[PDB]
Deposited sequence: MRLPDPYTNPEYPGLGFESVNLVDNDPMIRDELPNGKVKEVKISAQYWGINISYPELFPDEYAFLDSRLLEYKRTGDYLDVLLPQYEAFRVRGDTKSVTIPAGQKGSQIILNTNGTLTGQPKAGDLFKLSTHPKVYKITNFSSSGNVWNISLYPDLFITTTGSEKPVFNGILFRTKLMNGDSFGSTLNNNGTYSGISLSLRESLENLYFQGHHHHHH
């Protein structure tokens, strides 16, 4: 399920992260997401708490958007992009077919349309419609040829770690925080 935020629930602006830091865990590699919320009104707190209760009762995952990485540097319909099959390692080659505008930058997020792993772009070079995107970590799969690139709206597939650890009498709740980790399976 989707972690509620001001984009799924604009009526709860307090669900916008006040601080987020992306943690690199290398024992395979996975991202840690530490979220700290601003002062939450009671309705916002109860809705967040009830959604996390739903998450626990369903055994589902928590999909998380980090808007601080949504730069929309690459635009266009990606379903006509071609990712040749058989690729693995730290670089992925795409053929844009001239259907994408703008270019990605090192530090942007990246994922494949068929797999939930999120990567960081570490380097970008191009030759015409050939894009050479270096990734971190290495690809978790070998491309089949049907994958499509995802630059915008990237969701992290996570699980909640500290389900209990962390009333400011403005009526609100202060110091609320969530510890999340990208889940392997």
Regions of the deposited sequence not represented in the model: 28-44, 184-186, 206-217
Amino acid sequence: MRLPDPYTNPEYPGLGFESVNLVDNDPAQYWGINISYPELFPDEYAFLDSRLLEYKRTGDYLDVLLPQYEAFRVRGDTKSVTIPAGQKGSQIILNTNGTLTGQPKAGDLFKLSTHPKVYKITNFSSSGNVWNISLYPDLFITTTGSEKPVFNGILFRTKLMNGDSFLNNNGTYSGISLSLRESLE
From here on, numbers count along this sequence of modelled residues.
Selected stretch [higher average CA B-factor]: 11-19 or 168-176: 168-176
30-38 set against 56-64, stretch whose average Cα temperature factor tops the other in the entry: 56-64
Per the PDB entry, maximal CA B factor within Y69, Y119, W131, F156: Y69
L160 - which third its CA temperature factor falls in, relative to the rest of the chain: highest
CA B-factor placement of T82, once the chain's modelled residues are sorted into thirds: lowest
Within-chain third of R75 by Cα B-factor, per the entry: middle
Third assignment of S146 from its chain's C-alpha B-factors: highest
